[PDB]
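Everything below belongs to work16.txt, which stores compact mmCIF, N, CA and C atoms.
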# COMPACT_ATOMS: atom_id res chain seq x y z
N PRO W 1 -5.19 56.76 82.81
CA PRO W 1 -4.36 55.55 82.87
C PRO W 1 -4.32 54.81 81.54
N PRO W 2 -3.13 54.68 80.94
CA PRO W 2 -2.96 53.97 79.68
C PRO W 2 -2.92 52.46 79.90
N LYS W 3 -3.49 51.72 78.96
CA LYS W 3 -3.59 50.27 79.09
C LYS W 3 -2.36 49.58 78.53
N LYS W 4 -1.79 48.68 79.31
CA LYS W 4 -0.67 47.87 78.84
C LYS W 4 -1.21 46.68 78.06
N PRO W 5 -0.79 46.51 76.80
CA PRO W 5 -1.23 45.38 75.98
C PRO W 5 -0.83 44.05 76.60
N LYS W 6 -1.62 43.03 76.32
CA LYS W 6 -1.36 41.70 76.84
C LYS W 6 -0.15 41.08 76.15
N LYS W 7 0.80 40.63 76.96
CA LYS W 7 2.03 40.05 76.45
C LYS W 7 1.83 38.58 76.09
N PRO W 8 1.97 38.24 74.80
CA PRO W 8 1.93 36.85 74.36
C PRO W 8 3.17 36.10 74.83
N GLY W 9 2.98 34.91 75.37
CA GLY W 9 4.09 34.14 75.89
C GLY W 9 4.81 33.35 74.82
N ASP W 10 5.30 32.18 75.20
CA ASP W 10 6.04 31.32 74.28
C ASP W 10 5.09 30.54 73.38
N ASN W 11 3.82 30.48 73.78
CA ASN W 11 2.81 29.75 73.02
C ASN W 11 2.17 30.63 71.95
N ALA W 12 2.91 31.64 71.52
CA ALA W 12 2.45 32.54 70.48
C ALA W 12 3.54 32.76 69.45
N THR W 13 3.15 33.15 68.25
CA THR W 13 4.10 33.33 67.17
C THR W 13 4.84 34.66 67.32
N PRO W 14 6.09 34.74 66.82
CA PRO W 14 6.87 35.99 66.84
C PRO W 14 6.11 37.15 66.18
N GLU W 15 5.29 36.81 65.19
CA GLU W 15 4.46 37.79 64.50
C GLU W 15 3.46 38.43 65.47
N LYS W 16 3.05 37.68 66.48
CA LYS W 16 2.12 38.19 67.46
C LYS W 16 2.87 39.03 68.49
N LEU W 17 4.11 38.65 68.75
CA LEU W 17 4.99 39.44 69.62
C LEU W 17 5.30 40.77 68.96
N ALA W 18 5.46 40.76 67.64
CA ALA W 18 5.71 41.97 66.88
C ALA W 18 4.58 42.96 67.08
N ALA W 19 3.36 42.44 67.07
CA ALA W 19 2.19 43.25 67.34
C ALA W 19 2.23 43.82 68.75
N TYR W 20 2.63 42.98 69.70
CA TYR W 20 2.74 43.39 71.09
C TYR W 20 3.79 44.48 71.25
N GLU W 21 4.94 44.29 70.63
CA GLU W 21 6.03 45.26 70.72
C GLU W 21 5.60 46.60 70.15
N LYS W 22 4.74 46.57 69.15
CA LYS W 22 4.24 47.79 68.54
C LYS W 22 3.25 48.48 69.46
N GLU W 23 2.39 47.69 70.10
CA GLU W 23 1.45 48.23 71.07
C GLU W 23 2.18 48.68 72.33
N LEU W 24 3.25 47.97 72.66
CA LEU W 24 4.09 48.31 73.80
C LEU W 24 4.75 49.66 73.57
N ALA W 25 5.20 49.88 72.35
CA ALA W 25 5.81 51.14 71.97
C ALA W 25 4.82 52.29 72.13
N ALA W 26 3.56 52.02 71.85
CA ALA W 26 2.51 53.00 72.02
C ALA W 26 2.22 53.21 73.50
N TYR W 27 2.19 52.11 74.24
CA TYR W 27 1.94 52.15 75.67
C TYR W 27 3.05 52.91 76.39
N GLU W 28 4.30 52.60 76.07
CA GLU W 28 5.44 53.25 76.70
C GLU W 28 5.43 54.75 76.41
N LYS W 29 4.90 55.11 75.25
CA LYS W 29 4.76 56.51 74.88
C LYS W 29 3.76 57.19 75.81
N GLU W 30 2.58 56.60 75.92
CA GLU W 30 1.53 57.13 76.79
C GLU W 30 1.97 57.07 78.25
N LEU W 31 2.75 56.05 78.57
CA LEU W 31 3.28 55.88 79.92
C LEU W 31 4.21 57.03 80.27
N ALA W 32 5.02 57.44 79.30
CA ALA W 32 5.93 58.56 79.48
C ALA W 32 5.16 59.85 79.75
N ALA W 33 3.98 59.96 79.15
CA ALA W 33 3.11 61.11 79.36
C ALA W 33 2.40 61.03 80.70
N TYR W 34 2.19 59.81 81.18
CA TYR W 34 1.54 59.58 82.47
C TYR W 34 2.41 60.10 83.61

For this file, produce the structure as structure tokens.
Amino acid sequence: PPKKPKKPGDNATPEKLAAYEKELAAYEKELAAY
């Protein structure tokens, strides 16, 4: 089971969302393999 990164809400900077989107891209990759 691949771990979904924690999604930063509105109380976070876009730069932190960028990090999330990058981890999300990794997660979605592993998810596709799942």

* To do: Determine which residues of chain W receive a DSSP assignment of alpha helix (DSSP H), computed from the backbone, and state them as an NGL selection string.
  => :W and (14-33)

* Which residues, written as a list in words, have at least one atom at most 8 Å from residue W:7, with only N, CA and C atoms counted and residues fewer than 3 positions away on the same chain left out? -> residues 4, 10, 16, 17, 20 and 21 of chain W

* Go ahead and compute the interatomic distance for atom C of residue W:26 and atom CA of residue W:8, in Å to one decimal. =>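 Interatomic distance here is 16.4 Å.
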
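One distance worth recording is that between atom CA of residue W:27 and atom CA of residue W:11, which is 22.6 Å.
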
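Our summary of the geometry notes that atom CA of residue W:1 is positioned 28.5 Å from atom CA of residue W:13.
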
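Within 6.5 Å of the point (-1.0, 60.3, 82.7), and counting all atoms listed in the file, the protein, DNA and RNA residues are residues 1, 2, 30, 33 and 34 of chain W.
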